[PDB]
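Trainee: everything below, folded, please.
(8 chains)
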Amino acid sequence: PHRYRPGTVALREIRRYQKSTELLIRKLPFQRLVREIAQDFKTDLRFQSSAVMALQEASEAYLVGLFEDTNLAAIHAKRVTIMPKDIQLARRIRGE
Amino acid sequence: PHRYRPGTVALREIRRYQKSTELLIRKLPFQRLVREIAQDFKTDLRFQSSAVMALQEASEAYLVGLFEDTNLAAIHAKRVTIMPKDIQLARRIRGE
Amino acid sequence: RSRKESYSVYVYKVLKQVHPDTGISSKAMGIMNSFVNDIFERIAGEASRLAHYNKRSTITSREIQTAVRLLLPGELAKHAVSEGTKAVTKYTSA
Amino acid sequence: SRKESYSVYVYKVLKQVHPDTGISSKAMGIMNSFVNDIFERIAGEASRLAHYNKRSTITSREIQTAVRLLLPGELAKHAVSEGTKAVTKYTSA
Amino acid sequence: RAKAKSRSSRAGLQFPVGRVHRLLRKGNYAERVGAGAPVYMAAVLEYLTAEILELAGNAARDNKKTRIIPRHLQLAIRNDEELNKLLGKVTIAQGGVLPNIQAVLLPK
Amino acid sequence: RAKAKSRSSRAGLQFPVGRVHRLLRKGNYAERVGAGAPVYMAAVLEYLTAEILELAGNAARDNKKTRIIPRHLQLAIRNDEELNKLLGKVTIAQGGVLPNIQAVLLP
Amino acid sequence: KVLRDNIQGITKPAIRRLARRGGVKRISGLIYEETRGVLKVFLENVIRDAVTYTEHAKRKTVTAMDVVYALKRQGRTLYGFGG
Amino acid sequence: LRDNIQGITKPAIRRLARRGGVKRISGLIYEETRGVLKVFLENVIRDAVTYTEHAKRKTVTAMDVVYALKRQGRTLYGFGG
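Mentor: Numbers count the residues shown, from 1 in each chain, chains lettered A, B, ... in the order given. Sure, structure below:
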């Protein structure tokens, strides 16, 4: 048998996702999430497809930047695995 | 030979400095620091005394906020003592 | 002499409605003046944008209202809206 | 039913720097967002400088100062050099 | 001429109305200011002013005082989550900070 | 009657000047706009435009292309501290990110 | 019809992929939930402002500019969808 | 008028740290702190100078400091505004 070890692929994927430019979140799911949120404030709420995409890229960019800081926090803590508290520290420092 | 243990006084100072509002940095020193920096842009420059104070309060406010985040980072790292790196992490997360 | 404007007189009055028996230091007053000018600029600034965005030359109670909703968070934003909406309704009725 | 943009000017600039390079419509759309963002800021600051100093007119000086406040390091500088010239020259042109 | 009357009183406001009407036309924010614009705004500025002063006044009372000082404004703003945010970037001269000490720093 | 002549030509610029003048006097930036302001500004916008495009063109070549795409703009900006700073908060569609991996994650 | 639980529409691989792009090598099982609870706040803030702008303009359909203004208000600008 | 960063005394640094809730301070903090404070001051002072210069003045006023701070996401209340 043959396979890669844990972490070999993870590093590979880091390279690859940094490299590519596409969306990582599925579109219809994201679109629906937007509407599900939107339906709280009001009904008769419609979106242009360009508005949804604009939201999606901003949303992914947000999370990715958050993960970069989260990762650093995990490293600061001398770890590889990120945990909810590494996210929380990063956010807190940001002032969220 | 009575003594108060390590940390008893440190906490005391924290209490007090959080409570009070006065400037902690000596004035003539601070004022001169401003000028030394200023002279690197321009000689024969002047300041209103209120301008120097305005700078000093903002400067202290900046550092205190920085120290709060630094402290959290040290705690995240399971440590009471803050190290230069904890400052660096906090700054980085903040976009510096 | 040149003359300067502030809200010091109006701040005193407001203080009396919340705390009829209390005063205010000159510094706290200076701060409240810095505060009012800050909030004013923001709302007016955002209202400016709304007028621009929606192709207008005029700021009305709505541009003020929307600016309030965008700038103020949660419920605080609401009371400001309620009071403004009313004040206009009332002004023309008073 | 008509819009305006800087797409035509951006295209030309690309040639001044890279004569053999083309550009996507999106890259152009991005450059358009960029130009409008910078424009608004400088104009915003120039307004303010005039306001702070209690004035009605925006001059090349307010633009210059605004550039410095917004741009960091050399970008601020090269921009000032170029702005100064364009005005100096336009007048003599 | 008919008797002149102050508008602040008229709108049930303490804050000036004619002036706000005016200030809204300055800085070049909009060519024109609508009649209800300053009325709406004056009410807002007054409301927010009251909220800060009330909370600060409570702080003054907590400290057994008869007035508000910069510190009380700071405590008031920060304790109130929504004002804390509205002015979350604001540095208050002589505001000090809230007395927040991390539990991990304390002994048993 | 003198012939109408574009100011951009006069100023040696590619960006429009009359338009910039037009935009500056409105948007409510000021009651008045001086003659040299639009000109100064047009030069600035043009300068910055060139810097981004130049670097993007280089990124395009790093990718062996003869064209600029959103990605090349991202790479151009983030490998230049001053532009990166100016636009440090800008999200560029399909811009992507830099391939930075921390040493501590490697074998 | 009303929608629901589309927070799960953000699938596990999707979260991991984002984390990986960010340089995250290894992800704790609780991150998925923790991450969603943060994404959600971000979306709530942006969408709401976009709606607020949309309503001010007295429209029903949200356009790209409404989103752009909303994101600008939160200080994260976005290029290529207008400006 | 040189290395006046040393005019920021060690206790002065520690007290700020204390106010921030810092209980223990590494011996290498003093220098690191200075390398940050200085940058902060450099950015604020310079903008104030820029405003002062624009206005054709020599004396930096509180207002010029306020504008410098303001734009960095830091309105300061108390000196006018």
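Trainee: any idea whether the residue of chain E found nearest chain G is helix, strand or coil?
Mentor: Chain G sits closest to residue E:89 of chain E, with a gap of 11.3 Å, by Cβ to the nearest Cβ. (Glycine included, C-beta is placed from N, CA and C.) Secondary structure assignment for residue E:89 (DSSP: H, G, I helix; E, B strand; the rest coil): coil.
Trainee: so which strand or helix has the closest residue in space to residue A:79 that isn't next to it in sequence?
Mentor: Excluding the flanking residues, the one nearest residue A:79 by Cβ to Cβ, 6 or more residues apart in numbering or on different chains is residue A:86, at 7.9 Å. According to DSSP states H and E, residue A:86 maps onto helix A:84-94.
Trainee: residue G:3 touches residue A:34, doesn't it?
Mentor: No - the pair formed by residue G:3 and residue A:34 falls short of the contact definition of Cβ atoms under 8 Å, at 9.7 Å.
Trainee: comparing these two, which residue is more hemmed in?
Mentor: residue A:34 (26 against 14; other Cβ atoms under 10 Å in any protein chain shown).
Trainee: show me what contacts that one?
Mentor: A:47, A:52, A:55, G:43, G:47 (Cβ atoms under 8 Å, 6 or more residues apart in numbering or on different chains).
Trainee: check for me that residue G:42 belongs to a strand.
Mentor: No - Residue G:42 is assigned helix when assessed by three-state DSSP, not a strand.
Trainee: which residues touch the closest residue to it other than its chain neighbours?
Mentor: Nearest non-adjacent residue to residue G:42, counting by Cβ to Cβ, 6+ apart: residue A:62, 5.1 Å away. Residues in contact with residue A:62 (Cβ under 8 Å, 6+ apart) are G:39, G:42, G:76.
Trainee: pretty sure the second one contacts residue A:59?
Mentor: This means residue G:42. Yes - judged on Cβ under 8 Å, residue G:42 makes contact with residue A:59 at a distance of 6.2 Å.
Trainee: neighbour count for these two, which is higher?
Mentor: Neighbour tally, residue G:42 and residue A:59, criterion other Cβ under 10 Å: the higher count belongs to residue A:59, 26 against 19.
Trainee: after the helix or strand the more buried one falls within, next one along is what?
Mentor: Using DSSP H and E, residue A:59 sits in helix A:49-76. Downstream of helix A:49-76, the next assigned helix or strand under DSSP H and E is strand A:81-82.
Trainee: and chain G, is that following strand touching that?
Mentor: Yes - using Cβ under 8 Å from any Cβ of the partner chain, we find that strand A:81-82 touches chain G at A:81, A:82.
Trainee: mind listing what that strand pairs with, with the direction of each?
Mentor: strand G:26-27 (parallel) (DSSP bridges).
Trainee: what packs against the stretch of helix or strand residue E:19 belongs to?
Mentor: Residue E:19 is part of helix E:18-23, with elements assigned from DSSP H and E. Applying 3 or more Cβ pairs under 8 Å, 6 or more residues apart in numbering or on different chains; DSSP states H and E, one finds that helix E:18-23 contacts helix C:26-53, helix E:37-62.
Trainee: do that again at 10 Å, thanks
Mentor: Judged by 3 or more Cβ pairs under 10 Å, 6 or more residues apart in numbering or on different chains; DSSP states H and E, the packing partners of helix E:18-23 are helix C:26-53, helix E:7-10, strand E:32-33, helix E:37-62.
Trainee: what lines up beside the third one in the sheet?
Mentor: If I follow you right, that is strand E:32-33. Applying DSSP bridges, one finds strand E:32-33 paired with strand C:58-59 (parallel).
Trainee: close to chain G, is the very next helix or strand once past the partner strand?
Mentor: Next in sequence after strand C:58-59, counting helices and strands by DSSP H and E, comes helix C:61-71. Yes - Helix C:61-71 is in contact with chain G by Cβ under 10 Å from any Cβ of the partner chain, via C:62, C:63, C:65, C:66, C:67, C:69, C:70, C:71.
Trainee: give me the angle between helix C:61-71 and helix C:26-53.
Mentor: 110 degrees (axes from the mean of the first three to the mean of the last three Cα atoms, to 10 degrees).
Trainee: what's the angle between helix C:61-71 and helix E:37-62?
Mentor: Going by the same axes, to 10 degrees, helix C:61-71 makes 40 degrees with helix E:37-62.
Trainee: following the chain onward from helix C:61-71, which element is next?
Mentor: Next along the chain from helix C:61-71, counting by DSSP H and E, comes helix C:76-91.
Trainee: next, see if that following helix gets close to chain H.
Mentor: No - against chain H, helix C:76-91 shows no contacts by Cβ under 10 Å from any Cβ, the least distance being 17.9 Å.
Trainee: hmm, back to that, CA atoms of the helix holding residue E:19 as CSV?
Mentor: Output in CSV follows, covering the C-alpha atoms of helix E:18-23 (Å, rounded to 0.1, in the frame of the first residue of the first chain):
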residue,chain,number,x,y,z
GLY,E,18,-31.5,77.1,13.0
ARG,E,19,-27.9,76.6,13.6
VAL,E,20,-27.9,73.0,12.8
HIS,E,21,-29.9,73.8,9.7
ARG,E,22,-26.9,76.0,8.9
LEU,E,23,-24.1,73.7,9.9
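Trainee: mind listing what's buried along that helix?
Mentor: For helix E:18-23, burial by neighbour count (16 or more other Cβ atoms under 10 Å in any protein chain shown) applies to E:20, E:21, E:23.
Trainee: how far off centre is it?
Mentor: 18 Å (Cα atoms, centre = their mean, to the nearest Å).
Trainee: same check, this time on stretch E:11-28
Mentor: 16 Å.
Trainee: and the end-to-end length of that stretch?
Mentor: With Cα to Cα, to the nearest Å as the measure, stretch E:11-28 spans 26 Å from end to end.
Trainee: in chain A, what residue is nearest chain C?
Mentor: Closest point on chain A to chain C, by Cβ to the nearest Cβ, is residue A:41, at 11.1 Å.
Trainee: what's the burial count for that residue?
Mentor: If we define neighbours as other Cβ under 10 Å, then residue A:41 has 13 of them.
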